[PDB]
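Novice: Quick one: the structure is below, questions incoming.
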Amino acid sequence: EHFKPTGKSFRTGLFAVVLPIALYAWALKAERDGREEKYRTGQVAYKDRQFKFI
Amino acid sequence: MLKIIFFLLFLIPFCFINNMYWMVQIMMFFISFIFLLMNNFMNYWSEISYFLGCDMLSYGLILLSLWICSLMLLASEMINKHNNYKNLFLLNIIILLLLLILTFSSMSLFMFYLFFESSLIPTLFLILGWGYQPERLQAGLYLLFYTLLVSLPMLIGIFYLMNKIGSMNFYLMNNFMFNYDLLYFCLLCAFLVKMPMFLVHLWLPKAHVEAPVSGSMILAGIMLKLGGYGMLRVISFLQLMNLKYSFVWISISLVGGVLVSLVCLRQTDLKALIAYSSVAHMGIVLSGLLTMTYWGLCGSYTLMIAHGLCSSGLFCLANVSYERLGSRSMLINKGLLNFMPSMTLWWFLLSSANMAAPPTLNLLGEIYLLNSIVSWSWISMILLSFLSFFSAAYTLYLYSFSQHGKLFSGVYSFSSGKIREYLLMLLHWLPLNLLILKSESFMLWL
Amino acid sequence: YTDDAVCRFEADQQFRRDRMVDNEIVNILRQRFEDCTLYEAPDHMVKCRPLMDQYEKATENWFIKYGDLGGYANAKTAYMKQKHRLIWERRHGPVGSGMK
Amino acid sequence: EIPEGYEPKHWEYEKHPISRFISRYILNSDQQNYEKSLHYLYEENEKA
Amino acid sequence: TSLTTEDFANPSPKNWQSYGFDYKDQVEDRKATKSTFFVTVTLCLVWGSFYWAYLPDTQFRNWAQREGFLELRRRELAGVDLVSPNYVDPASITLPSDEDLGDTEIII
Amino acid sequence: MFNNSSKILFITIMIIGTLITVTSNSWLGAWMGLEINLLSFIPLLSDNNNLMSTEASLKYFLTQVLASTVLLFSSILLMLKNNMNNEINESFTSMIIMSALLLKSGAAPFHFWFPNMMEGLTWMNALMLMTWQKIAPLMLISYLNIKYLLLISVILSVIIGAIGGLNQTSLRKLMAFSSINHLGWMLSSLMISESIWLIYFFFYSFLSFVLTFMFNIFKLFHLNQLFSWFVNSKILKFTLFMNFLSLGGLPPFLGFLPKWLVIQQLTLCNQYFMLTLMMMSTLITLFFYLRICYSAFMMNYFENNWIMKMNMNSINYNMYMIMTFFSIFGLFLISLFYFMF
Amino acid sequence: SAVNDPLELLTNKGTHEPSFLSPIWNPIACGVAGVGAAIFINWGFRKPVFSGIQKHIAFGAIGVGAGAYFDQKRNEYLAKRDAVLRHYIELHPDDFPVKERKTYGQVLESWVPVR
Amino acid sequence: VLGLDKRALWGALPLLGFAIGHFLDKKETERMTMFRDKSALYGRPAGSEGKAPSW
Amino acid sequence: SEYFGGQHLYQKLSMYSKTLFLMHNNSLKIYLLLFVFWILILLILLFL
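Protein chains in written order, with the authors' numbering: chain m, 60 to 113; chain M, 1 to 446; chain p, 55 to 154; chain h, 91 to 138; chain g, 43 to 150; chain N, 1 to 341; chain d, 2 to 116; chain f, 2 to 56; chain L, 530 to 577.
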């Protein structure tokens, strides 16, 4: 009832969740893509694959 | 399987005969016992009957409902005490249970959807009919309209699958892998809502805070699982598409779990706090589920069973306190250890289970989702540490604050705990531990 | 065939049963190295070393066969991993050496 | 050890007497569920 | 009223305290308590948990362990790798030769 | 057919008029049947006890006269260029015919007259207008094969039909906006087939046939009257209002089966985007139906207390209860129906 | 057989045995519906629900009779429907050519490495 | 000790539904007899077969 | 979350339902005139 997109609220909400989600979702995509690239290229011998049983 | 269905159908007339409230649960408890004997299931479907089967996955979820739906009758004895349309109330649960049994026991995807949502309307009557506070309207719509808004588009995604597969049966679907981006969003955004996901959870705190005790049980007990159960059946043929957008869901749920835990610490309502605790754990369930690994799948199935029993359990205790103190706010509810010390024991055990305390079945499932997530990416250790830390931060605040301090001053005299309440709490927690012995069955559905 | 389901269902269950046998043939080999370390200490490195060599080989063969399929792994998926693996082997040699 | 040409009934495949009793008179044999499922998948595949 | 030192020491079997199952008919309240306990506890938990324990081996997990030993002995004696790395023997397979593939994406 | 022997005639001549239209093998023959239908409805619609009713008799007349006039205009023009009742390749001249027919049925862009004439109709009049009068117009549109014009009406019909209905409190005016939405589903079902449309129309008329009686039997015309309405068993009142959910097409009830078959065929025909706009917009329609159920689902109300008794007609109520029973339990009879396969 | 002949696929052989509830579900479903409908009418009029059983028997009897009649017509419609498909297949053997049944040996489709 | 009365006599009706429910599905298994003792994993040896089919 | 969720959506939907009310609060002539405009455009395109 007393909420208004006043910029302070947007600035509050922006850094509150959206960027932690965006920055961290970016980190997950980045790290897995690098790790995935090795596997697709055939870099890691099956001896050295981590979490064989996950 | 029809043994269960026809048993329930012929128990419908018991709603009409008078002075049959208590004879109903016994028929509802006895059938659970009968259902408890027919466990000879496997990964593949078994006991076919015209379209109704059951595998190890469906069995545990069905048996969970029969147990929970039976406890609803114990918990809602106030409806019997005031003859507040008890006959209609009974018919609502008997109908609701039948929809659940069919939903899990359905072998074809179209049926699952057919009874998926259809169970909603018996729930919607439950909230409006027997809810106290005026907000059951403004919470009645949220439950109905979030679900319908995202389930109706799912119906299109289901039909588009006939024209390719030619059938709905789950086993025949797994042979295919689809590549269409929108179809992925038309069979998971419909279940991501009901899990719920962190950003689309706005209905959950409203439905649970306003619904009656019984409605709180089933809403937290089985409705949050129909979203989870549905995913377990439809990521089988969305494996390829799941890899392109999973990182979006994992991040949201993981970060969503942490942020909600802080929101839990700033709550002041018992019902609200327990409801927000549901989103916290359901974030881990969804996170591990989308990891798609053997552990993340078996673990997710386990935790859904355990969490439902617990969160359903914790809604008993809030109702017990609310029934006497008359207010559900934390400020009113203090030092209950000094009014109802016998009750405080059950507060602890159910509370401890919620924070993944041993030897509960909850810790077995949580160990596994944690394993799958870590294997998915070592970066997930950051919040997965925070989320498990804060998942106890509010649980202690829930338990300690409501039980420990000095008693409220304005409270008027009220009855002490009754045997019914204690028996209700035992049936919630005691299976939640003994199930660890035979996790053999309620874990390896794959 | 690509259209019959009973024959696929026959093999999927057979694959799953063989998976259990192969899951725990690893488990037995782990228990051997488990037991040798307890029955041979303090001088257990010399004696468990061969047993662990048996164990690590089994894990890799286990991981080459059922590995990286996740849940929903079935006869079709496992067999198709093998077909892709073999093609890569003749083209790029054994895995771990990279592509050409 | 199984005799040369002997077909055990499904309940014969288990040790404890109580478990023999349950599988014989309380539960469907594993063959039954296996071979019903084959039929149902056969008919369902014919739909598509 | 003005109860006495013996109205508190000579409990009147006239009023009754309810066990939470009914508040009007005393015999009904005890009657529901007794039956509810029996099914929920004497059957679901005692008989159920007992029956669970002696449930037949339905997942074929005990059976596997027997295979894991027999299957291991036969192949440890047979000079074959203890876990076969091939779902079907590689020589039995018929690879599509390179020209057939035509740049199809190959993954590991 | 309520007051005099004359009302009996006008009803029959309405049936004959509609039949002549849908059995006519040429535009001109079809147009005649519309004229027969026109004067069969007006006397049924005009009653001088109401200042409002005569106004309703007007707006309908001016609209329908214009529609038939423009309809005949294009039909003459259509066969002036093709010399056939049919056009080999659809073009503007066929669009004009479509525009008239939509106005004849009050589709979205030309629906304005339709709710605005519902203030001054008895409930039994609204049923004749809502259900039967939409047969002849919509059934001729099946002949014309323009997509975009028909497609536009659907998109606007579901939208305008829903959003407009939120603001009403008069049940007669509310049902009009509700009917505009169901009209949108028909036209969507009409670009794909007719057998679906014939099925869907029959179910739509069925539900409206039910809801009209409940208001007609108890003479309710405003939302407040629902809360003030007295019923012996609040269980009974609770169950009667469970027909609105079927009118909302919720699957546990019979009223979804019609919506269901329209999606299993639209999806089969790859019209995915349409269904999104339609099914999504139906929620808003489902909304104000629940606003009616506020008077039933909650089931203890503050009500005026100078009534203890229900005075109701038997035969209407006798037929209404039968129809209501299927409207809640009609789903398991889909097995019997063999018109979808 | 290794062949995919569409006409063979449609053509029946009598092997299938219809379920037990199949020839009785429509009669029994309508019969119960008729009785239940009669139960409302008394309830709606606040009459004892089992009073005037004459109407129950009529609605139950009428339900069964209607169910059996329409069920009889249903099978004719289904029997005719397949007959149409079989005839149309025969008329256009080119548009529904016999195709050979591949097996997984002679195909190479992708797999999804979860990792 | 049960604390059951004549009202539980109505319980026979739900138990009636159980037997009827049991009967149908049992009747359904008798309709499932075309892979019965014929599958590759349980199929009887070709020749000199048991008179009564398993299950 | 509820700015893009419900409470605002309702505040917008109700606001439009007000606007459609005024669009329905006109003389019968205006609506028919709107129809005639549509016809005239189709006729004009016919000559082209």
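Yeah, the Cβ is synthetic: ideal placement off N, Cα and C, and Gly gets one too.
(1) For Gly129 of chain M, which residues in chain N fall below 8 Å Cβ to Cβ?
(2) Between the C-alpha atoms of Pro109 of chain N and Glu119 of chain N, what's the straight-line distance to the nearest angstrom?
(3) Taking CB distances under 8 Å as the criterion, tell me whether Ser342 of chain M reaches chain g.
(4) List the residues of chain f that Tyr115 of chain h touches, going by C-beta distances under 9 Å, in chain order.
(5) Using 8 Å as the cut-off, can you tell me whether the segment 166-181 of chain M makes contact with the segment 131-143 of chain M, which would need three or more C-beta pairs spanning the two stretches below that distance?
(6) Does the structure place the segment 7-14 of chain d close enough to the segment 39-47 of chain d that three or more beta carbon pairs sit under 8 Å?
(7) So, is the C-beta of residue 456 of chain M closer than 8 Å to a C-beta in chain f?
(8) By a C-beta neighbour count over all protein chains shown, 10 Å radius and 16 as the cutoff for buried, is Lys194 of chain M buried or exposed?
(9) What does a CB cutoff of less than 8 Å around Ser99 of chain N pick up in its chain, not counting 5 residues either side in sequence?
(10) Against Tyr133 of chain p, what residues of chain g qualify as contacts under a CB-to-CB distance less than 8 Å, listed in chain order?
(11) Name the one or two DSSP bridge partners that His222 of chain N has.
(12) For the segment 27-50 of chain f, which residues have a beta carbon sitting closer than 9 Å to at least one beta carbon of chain p?
(13) Since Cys264 of chain M and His428 of chain M are thought to touch, with beta carbons under 8 Å apart, how far apart are those beta carbons, to the nearest angstrom?
(14) Using three-state DSSP, classify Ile373 of chain M as helix, strand or coil.
(15) Are any of the Cβ atoms in chain m nearer than 8 Å to that of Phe87 of chain p?
(16) Under the assumption that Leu254 of chain M contacts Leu387 of chain M (Cβ atoms under 8 Å), give the Cβ distance between them as a whole number of angstroms.
(17) According to DSSP, is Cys310 of chain M helix, strand or coil?
(18) With a threshold of 16 other CB atoms inside 10 Å of the CB of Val565 of chain L, please say whether the residue is buried or exposed.
(19) Where DSSP assigns a beta bridge to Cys54 of chain M, which residues make up the other side?
(20) Exposed or buried, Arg62 of chain p, counting other C-beta atoms within 10 Å across all chains shown (16 or more means buried)?
(21) With respect to the alpha helix (DSSP H) encompassing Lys73 of chain g, which residues constitute its N-terminal and C-terminal limits?
(22) Taking only runs of the alpha helix (DSSP H) that begin and end inside the segment 84-114 of chain M, which ones reach a length of at least 4 residues, in chain order?
(23) State the start and end residues of the unbroken alpha helix (DSSP H) segment that holds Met118 of chain N.
(24) Rounded to whole angstroms, what is the Cα-Cα separation between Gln108 of chain p and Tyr93 of chain p?
(25) Tell me the DSSP secondary structure of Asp145 of chain g in three-state form.
(26) Residues of chain p with a CB under 7 Å from the CB of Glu109 of chain g: which are they?
(27) Following the continuous alpha helix (DSSP H) through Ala86 of chain m, name the residue where it begins and the one where it ends.
(28) Can you check whether the CB of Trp132 of chain N is closer than 8 Å to the CB of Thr212 of chain N?
(29) Just the Cα atoms here: how many angstroms apart are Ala275 of chain M and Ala220 of chain M?
(30) Please compile the residues from chain g whose C-beta is within a distance smaller than 8 Å of the C-beta of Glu104 of chain h.
(31) Check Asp269 of chain M in the structure and name its three-state DSSP category.
(32) Could you list which residues in chain d have their beta carbon closer than 8 Å to that of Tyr338 of chain N, in chain order?
(33) Of the residues M:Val279, M:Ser402 and M:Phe33, which one's Cα is nearest the Cα of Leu204 of chain M?
(34) Along chain m, which residues have their Cβ under 7 Å away from the Cβ of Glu94 of chain p?
(35) Using a Cβ cut-off of 8 Å (strictly closer), state whether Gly12 of chain f contacts chain M.
(36) What distance in whole Å lies between the Cβ atoms of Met280 of chain N and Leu152 of chain M, which are believed to be in contact at a cut-off of 8 Å?
Specialist: From the atom records:
(1) To locate residue 129 of chain M, count along the second sequence from 1; it is residue 129. Chain N residues near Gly129 of chain M: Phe297, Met298 and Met299.
(2) What you label residue 109 of chain N is simply residue 109 of the sixth sequence in a count that begins at 1. What you label residue 119 of chain N is simply residue 119 of the sixth sequence in a count that begins at 1. Rounded to the nearest angstrom, the two C-alpha atoms are 20 Å apart.
(3) The residue you call residue 342 of chain M lines up with position 342 of the second sequence. Judged by the 8 Å Cβ criterion, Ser342 of chain M is not in contact with chain g.
(4) Taking the fourth sequence and counting its residues from 1, the one referred to as residue 115 of chain h is at position 25. Going along chain f, no residue has its Cβ under 9 Å from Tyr115 of chain h, so there is no contact; the nearest lies around 13 Å.
(5) no
(6) no
(7) The question about residue 456 of chain M has no answer, for chain M in this structure spans 1 to 446.
(8) Counted from its first residue, the second sequence places residue 194 of chain M at position 194. Its Cβ being crowded by 16 or more others within 10 Å, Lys194 of chain M is buried.
(9) Working through the sixth sequence from its first residue, we reach residue 99 of chain N at position 99. Here the set comprises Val70, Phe110 and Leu149.
(10) The residue you call residue 133 of chain p lines up with position 79 of the third sequence. The answer, in chain order, is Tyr129 and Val130.
(11) Counting from one through the sixth sequence, the residue named residue 222 of chain N turns up at place 222. DSSP output for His222 of chain N lists N:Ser170 as bridge partner(s).
(12) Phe36, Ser40, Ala41 and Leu42
(13) Indexing the second sequence from 1 puts residue 264 of chain M at position 264. Indexing the second sequence from 1 puts residue 428 of chain M at position 428. At roughly 21 Å, the Cβ-Cβ gap does not stay under 8 Å, so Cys264 of chain M and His428 of chain M are not in contact.
(14) For the purposes of this step, residue 373 of chain M is identified with residue 373 of the second sequence, where counting begins at 1. Helix.
(15) The residue given as residue 87 of chain p occupies position 33 in the third sequence. No, because no Cβ of chain m sits closer than 8 Å to the Cβ of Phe87 of chain p.
(16) Counting from 1 along the second sequence, the entry for residue 254 of chain M is found at position 254. Counting from 1 along the second sequence, the entry for residue 387 of chain M is found at position 387. Yes, they are in contact, since the Cβ atoms of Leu254 of chain M and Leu387 of chain M sit about 7 Å apart, within 8 Å.
(17) Along the second sequence, read from residue 1 onward, the residue named residue 310 of chain M stands at position 310. In the structure shown, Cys310 of chain M sits in a helix (DSSP, three-state: H, G or I).
(18) Taking the first residue of the ninth sequence as position 1, residue 565 of chain L is located at position 36. Exposed, by the Cβ-count rule.
(19) Here residue 54 of chain M corresponds to residue number 54 of the second sequence, with the count starting at 1. In DSSP, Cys54 of chain M forms a bridge with M:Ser46.
(20) Counted from its first residue, the third sequence places residue 62 of chain p at position 8. By the 10 Å Cβ count, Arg62 of chain p comes out buried.
(21) For the purposes of this step, residue 73 of chain g is identified with residue 31 of the fifth sequence, where counting begins at 1. From DSSP, the alpha helix (DSSP H) with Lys73 of chain g extends over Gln68 to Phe79.
(22) 86-105
(23) In the sixth sequence, the residue the question calls residue 118 of chain N occupies position 118. No alpha helix (DSSP H) holds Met118 of chain N; DSSP gives it neither H nor E.
(24) Counting from 1 along the third sequence, the entry for residue 108 of chain p is found at position 54. Counting from 1 along the third sequence, the entry for residue 93 of chain p is found at position 39. Roughly 18 Å between the two C-alpha positions.
(25) Counted from its first residue, the fifth sequence places residue 145 of chain g at position 103. Coil, per DSSP.
(26) Here residue 109 of chain g corresponds to residue number 67 of the fifth sequence, with the count starting at 1. Neighbours of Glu109 of chain g on chain p, chain order: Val75.
(27) Counting from 1 along the first sequence, the entry for residue 86 of chain m is found at position 27. Counting along the chain, the alpha helix (DSSP H) containing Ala86 of chain m begins and ends at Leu78 to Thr100.
(28) Start at 1 with the first residue of the sixth sequence, and residue 212 of chain N comes out as number 212. Start at 1 with the first residue of the sixth sequence, and residue 132 of chain N comes out as number 132. Result no, Cβ atoms of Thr212 of chain N and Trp132 of chain N do not sit closer than 8 Å.
(29) Walking along the second sequence from the start, residue 275 of chain M turns up at place 275. Walking along the second sequence from the start, residue 220 of chain M turns up at place 220. Straight-line Cα distance between these residues: approximately 8 Å.
(30) Residue mapping note: residue 104 of chain h aligns to position 14 of the fourth sequence, counting from 1. By Cβ distance, chain g contributes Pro98 and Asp99.
(31) Counted from its first residue, the second sequence places residue 269 of chain M at position 269. Strand.
(32) Position 338 of the sixth sequence, counted from the start, is the residue given in the question as residue 338 of chain N. Near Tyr338 of chain N (Cβ distances below 8 Å), the residues of chain d are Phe71, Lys74, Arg75, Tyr78 and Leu79.
(33) If you number the second sequence from 1, residue 204 of chain M lands on position 204. For the residues M:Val279, M:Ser402 and M:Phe33, the minimum Cα distance to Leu204 of chain M belongs to M:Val279.
(34) Counting from 1 along the third sequence, the entry for residue 94 of chain p is found at position 40. The contacting residues do not exist; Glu94 of chain p stays about 26 Å from chain m at best.
(35) Along the eighth sequence, read from residue 1 onward, the residue named residue 12 of chain f stands at position 11. Chain M contact via Cβ: present.
(36) Here residue 152 of chain M refers to the residue found at position 152 of the second sequence. Here residue 280 of chain N refers to the residue found at position 280 of the sixth sequence. Sure, about 7 Å apart at Cβ, within 8 Å.
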